[PDB]
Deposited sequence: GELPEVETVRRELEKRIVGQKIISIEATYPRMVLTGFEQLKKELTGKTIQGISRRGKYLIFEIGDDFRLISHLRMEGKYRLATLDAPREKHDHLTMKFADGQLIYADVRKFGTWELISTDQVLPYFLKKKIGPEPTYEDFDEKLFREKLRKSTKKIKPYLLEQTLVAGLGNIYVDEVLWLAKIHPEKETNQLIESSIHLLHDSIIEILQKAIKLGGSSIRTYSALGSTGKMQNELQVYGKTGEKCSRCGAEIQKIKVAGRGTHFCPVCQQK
């Protein structure tokens, strides 16, 4: 559930529920709704989906211009539109009923969260969570990026995973990015040379953008997993130097890299 995959879901839902009126909201795992499902039911029932935007890995349902629904898929949250009488599968937790169908949210690990936030609190929400700039040449200022990177001793992969220097990078794309920029995941940010930072900054925007267009690496119906150079390729040869991709643990996360291309 990284920015590429979340953006793919935003567009799918975008062209399938925007403008639809909500008839009622049923929940079998209500606590998932951190702000009180009851309060959410009383307020979104009988509304219209105005739009579905995204910020980092968070989906934002715009229902009426009073409240915004912040949705986060965590590790395996997943939406799907199905028949009104469709049967209830094992890990379905919420359903948004429409006049002609329903939006179902599933999540095996129950990690996912839902939040109803008044329109004016959207920005303070992300600013309170310290979410960095979207991965675009316009919002991802390289200088600020360089500045933050030389001021820290944090290891690169962990630090990128924080969403602070930039938003959207998860385990898959950080490994892809770091390899594409020839930076070892344990390299301390304050040692990075500008040319490295510059290459990193660009590889970030580049790979996340490439992923968006390939529909994300949905192991839905995405094709980015077909172009992964190191994530999960443990034991396979490096696209460039041919060395065997190694897998190690960094800050508790499976980390794939190349011993040679990624020096550090």
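Could you name the stretches of the deposited sequence that have no C-alpha atoms in this structure?
Just one stretch lacks coordinates - namely 220-226.
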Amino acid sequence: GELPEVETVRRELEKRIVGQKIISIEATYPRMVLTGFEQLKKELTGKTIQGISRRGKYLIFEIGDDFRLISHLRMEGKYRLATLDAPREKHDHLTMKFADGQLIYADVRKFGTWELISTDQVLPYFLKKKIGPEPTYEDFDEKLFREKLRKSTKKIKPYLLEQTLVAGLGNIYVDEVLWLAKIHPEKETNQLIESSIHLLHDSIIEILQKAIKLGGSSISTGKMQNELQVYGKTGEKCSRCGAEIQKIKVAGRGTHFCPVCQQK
From here on, numbers count along this sequence of modelled residues.
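Name the higher of the two by mean Cα B-factor in the PDB entry, 135-143 versus 67-75.
Comparing averages over the C-alpha atoms only gives 135-143.
Looking at the deposited entry, does 235-243 or 52-60 carry the larger mean Cα B-factor?
Stretch with the higher mean C-alpha B-factor: 235-243.
Highest recorded C-alpha temperature factor, please, choosing from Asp92, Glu115, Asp100, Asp175.
Top of the list by C-alpha B-factor: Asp100.
Maximum C-alpha temperature factor per the entry, among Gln209, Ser196, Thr221, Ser203, belongs to which one?
The record points to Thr221.
Could you place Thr153 in the lowest, middle or highest third of its chain by Cα temperature factor, using the values in the record?
For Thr153, the deposited C-alpha B-factor lands in the middle third.
Can you tell me which third, lowest, middle or highest, the CA B-factor of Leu3 falls into for its chain?
Lowest third of the chain for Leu3's C-alpha B-factor.
Chain thirds of CA B-factor: placement of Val250
Its C-alpha B-factor, which the entry lists for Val250, ranks in the lowest third among residues of this chain.
Can you tell me whether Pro87 has a C-alpha B-factor in the lowest, middle or highest third compared with the other modelled residues of the same chain?
Highest third.
Rank-wise, by C-alpha B-factor, drop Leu34 into the lowest, middle or highest third of its chain.
Within its chain, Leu34 is a lowest-third residue by C-alpha B-factor, going by the deposited values.
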